[PDB]
2 protein chains.
Amino acid sequence: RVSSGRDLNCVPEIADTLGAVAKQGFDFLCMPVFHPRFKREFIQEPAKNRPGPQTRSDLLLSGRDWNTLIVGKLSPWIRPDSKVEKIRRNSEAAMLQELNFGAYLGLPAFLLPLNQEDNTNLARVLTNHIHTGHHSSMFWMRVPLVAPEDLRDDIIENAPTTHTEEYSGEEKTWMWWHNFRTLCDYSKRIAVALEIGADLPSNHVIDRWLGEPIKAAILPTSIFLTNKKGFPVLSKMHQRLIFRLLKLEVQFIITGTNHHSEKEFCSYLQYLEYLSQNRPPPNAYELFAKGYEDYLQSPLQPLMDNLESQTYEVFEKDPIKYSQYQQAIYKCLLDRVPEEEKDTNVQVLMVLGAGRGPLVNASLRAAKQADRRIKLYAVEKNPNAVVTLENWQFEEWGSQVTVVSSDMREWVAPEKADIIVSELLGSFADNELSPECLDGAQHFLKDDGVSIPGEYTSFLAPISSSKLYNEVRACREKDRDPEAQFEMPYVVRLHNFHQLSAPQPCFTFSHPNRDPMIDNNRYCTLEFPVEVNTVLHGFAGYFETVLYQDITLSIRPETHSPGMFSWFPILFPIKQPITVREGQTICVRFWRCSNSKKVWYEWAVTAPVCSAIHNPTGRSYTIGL
Amino acid sequence: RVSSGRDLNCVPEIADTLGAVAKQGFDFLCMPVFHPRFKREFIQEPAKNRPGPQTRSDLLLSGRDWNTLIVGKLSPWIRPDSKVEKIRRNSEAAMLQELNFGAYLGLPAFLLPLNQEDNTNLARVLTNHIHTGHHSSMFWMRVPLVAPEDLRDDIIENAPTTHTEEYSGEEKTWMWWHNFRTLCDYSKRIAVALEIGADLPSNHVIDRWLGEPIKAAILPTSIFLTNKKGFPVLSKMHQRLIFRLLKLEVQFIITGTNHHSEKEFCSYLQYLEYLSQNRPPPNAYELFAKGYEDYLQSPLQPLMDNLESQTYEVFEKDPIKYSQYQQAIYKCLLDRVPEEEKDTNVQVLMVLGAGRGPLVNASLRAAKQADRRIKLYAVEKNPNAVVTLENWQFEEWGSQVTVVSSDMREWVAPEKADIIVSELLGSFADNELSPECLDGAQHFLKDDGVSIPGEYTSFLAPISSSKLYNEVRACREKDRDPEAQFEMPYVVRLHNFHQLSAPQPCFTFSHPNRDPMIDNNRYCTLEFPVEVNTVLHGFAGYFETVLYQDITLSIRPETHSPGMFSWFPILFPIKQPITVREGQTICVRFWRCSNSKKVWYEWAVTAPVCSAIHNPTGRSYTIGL
Ligand SMILES: O=C(NCc1ccc(F)cc1)[C@@H]1c2ccccc2C(=O)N1Cc1cc2ncccc2[nH]1
Ligand SMILES: O=C(NCc1ccc(F)cc1)[C@@H]1c2ccccc2C(=O)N1Cc1cc2ncccc2[nH]1
Ligand SMILES: CSC[C@H]1O[C@@H](n2cnc3c(N)ncnc32)[C@H](O)[C@@H]1O
Ligand SMILES: CSC[C@H]1O[C@@H](n2cnc3c(N)ncnc32)[C@H](O)[C@@H]1O
């Protein structure tokens, strides 16, 4: 169930070593390419002219074995950031040699340590290697939760351990990582191998690593406790961490000797498997969403575009949503028609944007459970969907449903409606121009008429995700602005990220709109209190909607409708990441803009530092009217 | 074994129709989306306001069934290129409607006819649809081998059939296709469904379709003969055509009613299967190459780049090549050392570019079968490969082989060689700078010394491939010249192409070179007699090499070494396709250019029309010294 590897720094026979590792259930082996102690000279004679082979032969394994089962390791003597110029130059040449041999073998990954603050020259050499030749090999930066200096024993008489709470100082290993990857310009080839220590740090120090590209989690054998049976186990503190890591789907590496000598080495792995099986199983959301983690998708535009059959199909596959619509209409019918007027009053319902007719069906179910009379119109502009409606209407519905093939903003209604029902909401509520459409359909609502939904609100929350930032970056395309990808929202199941502050309401719309000169343009300033250090990369967007009274739908995490999986979150990126210190406020500004042809969003960060205004005049992103 | 479909123009029940088609062994079904006779008005009242559903519901099949099993068809009444303005405008609206419904359903393909010369407005509407929304749906242009007017029966009294040999006129259906796809600007979404007739045309008319994107081959039931048993079969003429088509891996569509009424409809398909099984099986080349058909790859540069382990691995997997090297060295040893000097004379061999040591081994085998003494040097610049050599040398070879880790152009030899052996040849012979390397290694050859290979020649041949042209086109990348992809060669297993003329020698090199001021720059003019009409898209490159005397290696099709699969052909594209009439000569000019840092090729067509000079100053492509 869980993908696991073995870290060794001693391999006397490469073929024999693998066999043992494989027999114990491990999937891969982290090991050296050159002997860790085999220090090499490249400048000074005579040692530079050392004869013989420099390492093992590539022939000792199959190409496939190298490609899938071996993870390389930089030699421990290689120190590119040494103060001694000789050691620097030698380590440079050695690092390139080892990396080049890694590429030669076609290794899937290669481990490099981050065990100090200054890794500038290390970064400079790695970046040079990445921009030389072609390879898909990953680089896993071995970085500890807690620096070695900060988890040493307090056994030096004239050098006591820091017994002071240093909030920023305890987060120092993240800053080592942050600086390294910034120097390397967020290479997608560079990821984290997070080394877990005996004493876990404070919670903030761990939360630091949320939204970071963690590919591996190194577990020393030393951190394992022993149970009554006499086999390796972990603390409740470490258990919760592994449970969190299992959600990120990282690969667990075991390092160090067998301290549980009486038992096998598989026992360590068996415990991780034990934890893997013993977790809360995926709900309807997590089961279905499984696969779309941090996958960027363009926001749907049902007005501008005609949605395909299989786009409507997946919408209809959300029974929670339509049961809510059914219940909303059911309640509205009872409120509008009393018991004494049950069979005198026929309510005129109008589904505005009927699609393949999930609402029409719900409107029929609602009227039947309420026991009230209704007259349905099914307005739909998409002519491909109208084919479905009319086939259904002829076969099933009948003359009670009048299928209209038109734009709701154009349609000349032969009758005014008591209720209008619509499903024109996206991930950011008004991102499908629901305001504009329902404003133009407002005229054929009765003066006392109802709209379902009656209200909707969009929410924003600042996020830190070096993964998602790096994902957006990669959406650069030919023949357009080099930074257009940062000035447009994305529908994405947010997974590897950190929500820096609680969501706050951005834009609200009420239907029917009774404010003279109905203006759908908006400008909203939000101040987000941040209680951690972090790197803002964008803003997660959510929404809530009031269908009728107490019947609502929501994708806001704290009020999320349970089971519903129709709407994924939206993401508004920023061009450049922004540093945020603990105590500082992130201040974002959001505009909703429009002309006669388009609607779009602009946005800007104003605190703690200013960003550029994103998407001015909808240059990078517009929503078609 | 063979992928087959069924063409119907009558589907009374879509669910029932599929079942029957599936039961007969067909993989998919070509069928209408709207009723073929259901003509629709879009302008004039009252018929434009026709009520009811316009076609069947998308719900009648599953999303997956639409996506994999159904191929759409344009309605027969739709004529976008009609002379009547009303019919034009109506057919425009109808064509878009049908295409849009195709996309809605998510059909993998959609058939449109090319049954006349002028399909300009048809092309204009299709191109508009392709550049609207997003879809991966293919468009199969139904185009006959022989136009309907040219295979009609000679039964009109006052209108006799053309009994004149019209070379250009018999190729008219290709010109219909050519014009259509040119208007549509070689869209990768547009392909050919080639309709086979009762009477096949002349051979030239068929050869016309070589190098065209044929995705389907439509076979009417009418073209099938009947055997003694009373079951459908084809002529020997059609058999050879199907055998040719099976190499292209097209999908065979059966159209028309069952003329073999007494038998099942599966019999037609069973015959295609019968042919599929009864073909010449793939040789060592075609077996291994299977997968790389028309796949563009960058030419390897072993000098500039250090080749990976698995790149050397695949080279070593060609036993025919090294057996030839073994035999070449074997012969040279016998010529250089007489029988009386068997154990007095030790020949100094030097493998220049030893890799992981396939030649060294061959040199050992050669000396053993010859029974002569040798002293080996193994010069190799790639330090990753030198690791393999030294491990081998310590374990197996010993002190007889002296592994040198150096550039051959730099290495100061402690002894002059009797033989130098090299493997520095690419697909175009000198494309790996074998001349430059062996020139710089020439000094440590004895005055009477031998080089293996002693000579090599490159060959060129003009080709027509709308597939390969369209493939190169797609290699456009960000942040470089928009047409850089056309000014660089590609290693490609040429499959869907047409060789327009016989290969001719381009560049030749001899080693050792004894011409004063050894200049490796070249300029070659080639005139290729073309005996067909066609569209030149580039130049296939091959090579031959003389290892010693009569021992050779070759990838030139007519003298190809049997079994050898180390070198694929090279392709030099041109920016713009060039029309060539039958009888005209294609005149190409090739330069080999260099400075102190780089070597590159430039090329230009001068007849029948001029092209631009490709790759001036190696702007788009250089080979690193
Ligand atoms: O967020 C989304 N769905 C989440 C999802 C869940 C499971 C799965 F397998 C794939 C995707 C869709 C969507 C999908 C793909 C690409 C874009 C989008 C998008 O803007 N959505 C929001 C959305 C749903 C919807 N329903 C009706 C009317 C308007 C609507 N607007
Ligand atoms: O043409 C080529 N090989 C054909 C091939 C066959 C089977 C297969 F599965 C994949 C590829 C290689 C090649 C492969 C890939 C990408 C580029 C090339 C290329 O320039 N080649 C020519 C070549 C072979 C070679 N051997 C030794 C010294 C110099 C050499 N130069
Ligand atoms: C169920 S997703 C929203 C649906 O409403 C439809 N729709 C959106 N805008 C309009 C409009 N202005 N008039 C009619 N239908 C619309 C879309 O085509 C889609 O079927
Ligand atoms: C077998 S592919 C050609 C081999 O020759 C090697 N080679 C190419 N040019 C030189 C050179 N100038 N000196 C030494 N080896 C070379 C390459 O590194 C490769 O291993």
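Letters A, B, ... mirror the listed sequences (proteins, then strands); counts begin at 1.
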How long is the straight-line distance from [atom2] of [Y] back to [atom1] of [X], given to the nearest 0.5 Å?
X	Y	atom1	atom2	answer
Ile555(A)	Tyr542(A)	CD1	OH	7.5 Å
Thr311(A)	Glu316(A)	OG1	CD	10.5 Å
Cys593(A)	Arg522(A)	SG	CZ	12.0 Å
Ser594(A)	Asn521(A)	OG	CG	3.5 Å

Mutual orientation of the aromatic rings belonging to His537(A) and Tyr469(A) [parallel < 30°, tilted 30-60°, perpendicular > 60°]
tilted
Any donor-acceptor N or O pair under 3.5 Å, side chains [X], [Y]:
X	Y	value
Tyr325(A)	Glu423(A)	no
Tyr523(A)	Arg589(A)	yes
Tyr312(A)	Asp58(B)	no
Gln347(A)	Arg336(A)	yes
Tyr104(B)	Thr388(A)	yes
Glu212(A)	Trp174(A)	yes
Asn306(A)	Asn100(B)	no
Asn391(A)	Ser57(B)	no

Compute the centroid of each ring, for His511(A) and then for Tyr456(A), and state whether the two points are separated by less than 6.0 Å.
yes
Output field: ring centroids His614(A)/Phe486(A) closer than 6.0 Å
no
Quick one: which residue pairs count as a salt bridge (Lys or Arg N to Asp or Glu O under 4.0 Å) with a foot in residues 529-553 of chain A, not counting sequence neighbours?
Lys331(A)-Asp550(A), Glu544(A)-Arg556(A)
Check ion pair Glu339(A)-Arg372(A) (N to O, under 4.0 angstrom)
yes
Before accepting this row, confirm whether a basic side-chain N of the pair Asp207(A)/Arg244(A) lies closer than 4.0 Å to the acidic partner's carboxylate O.
yes
Option from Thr508(A), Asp430(A), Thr545(A) for which side-chain hydrogen bond (donor to acceptor under 3.5 Å, both in side chains) with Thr457(A) holds:
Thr508(A)
Can you find a heavy atom in the side chain of [X] that is under 4.5 Å from one in the side chain of [Y]?
X	Y	value
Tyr377(A)	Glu415(A)	yes
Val530(A)	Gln584(A)	no
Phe590(A)	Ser458(A)	no
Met350(A)	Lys375(A)	no
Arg473(A)	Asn470(A)	yes

Distance-only criterion, 3.5 Å: show the donor-acceptor pairs between side-chain atoms of residues 567-582 of chain A and protein atoms not counting sequence neighbours.
residue	atom	partner	partner atom	Å
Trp567(A)	NE1	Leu425(A)	O	2.7
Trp567(A)	NE1	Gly426(A)	O	3.4
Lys575(A)	NZ	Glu483(A)	OE1	3.1

With side chain to side chain contact (heavy atoms under 4.5 Å, CB included) as the test, pick out the partner of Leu349(A) among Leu359(A), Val450(A), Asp418(A), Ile419(A).
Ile419(A)
